[PDB]
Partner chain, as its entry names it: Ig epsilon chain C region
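Below you'll find only one chain, the form deposited without the partner chain, shown as structure tokens.
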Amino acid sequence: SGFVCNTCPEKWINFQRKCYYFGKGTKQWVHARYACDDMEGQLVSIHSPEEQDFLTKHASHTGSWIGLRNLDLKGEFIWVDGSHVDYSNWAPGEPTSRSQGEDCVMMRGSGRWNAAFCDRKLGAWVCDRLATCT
């Protein structure tokens, strides 16, 4: 068993179909997106409890930016990478307990998600990309 494509860049960690990068250093949501982009990845999208568990396990104990955003003024949250929102792991009350304009999402040390202002400075951020074929 396994995945035929399972190769990851150095400093990245493979999990199933994808590779993950756990970034450190204070960034607002958009700068975080840039850091992922510059490494040819994207802010992470999450599609299963198994992925979430792997992330909770490896991710910063403080908060991390992920690639989930509300862009349409109707509070519909979508992944930056065009994937759609099947799985969710929201904290209690979230996301509707958020304020108008809180268009971004962070992942807590526990793994659960909470909407947050995009201009928050967080000390961690998670990128992913598809594992390469060899």
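Residue numbers count along the first chain shown, from 1.
Not on display, but discussed next: the form solved in complex with the partner chain.
**Prompt:** Going by a heavy atom distance of 4.5 Å, is residue 56 a contact of the partner chain in the entry with it bound?
**Reply:** It does not: once the partner chain is placed as it appears in the entry with it bound, residue 56 has no heavy atom within 4.5 Å of it.
**Residue contact check: residue 31 to the partner chain in the entry with it bound, 4.5 Å heavy atom** = Yes, residue 31 lies within 4.5 Å of the partner chain in the entry with it bound.
**Message:** So in the entry with it bound, is the partner chain close enough to residue 117 to count as touching (4.5 Å, heavy atoms)?
**Reply:** Residue 117 belongs to the contact set for the partner chain.
**Request:** Answer with yes or no whether residue 69 is in contact with the partner chain in the entry with it bound, where contact means some heavy atom within 4.5 Å.
**Result:** Answer yes; at least one heavy atom of residue 69 falls within 4.5 Å of the partner chain in the entry with it bound.
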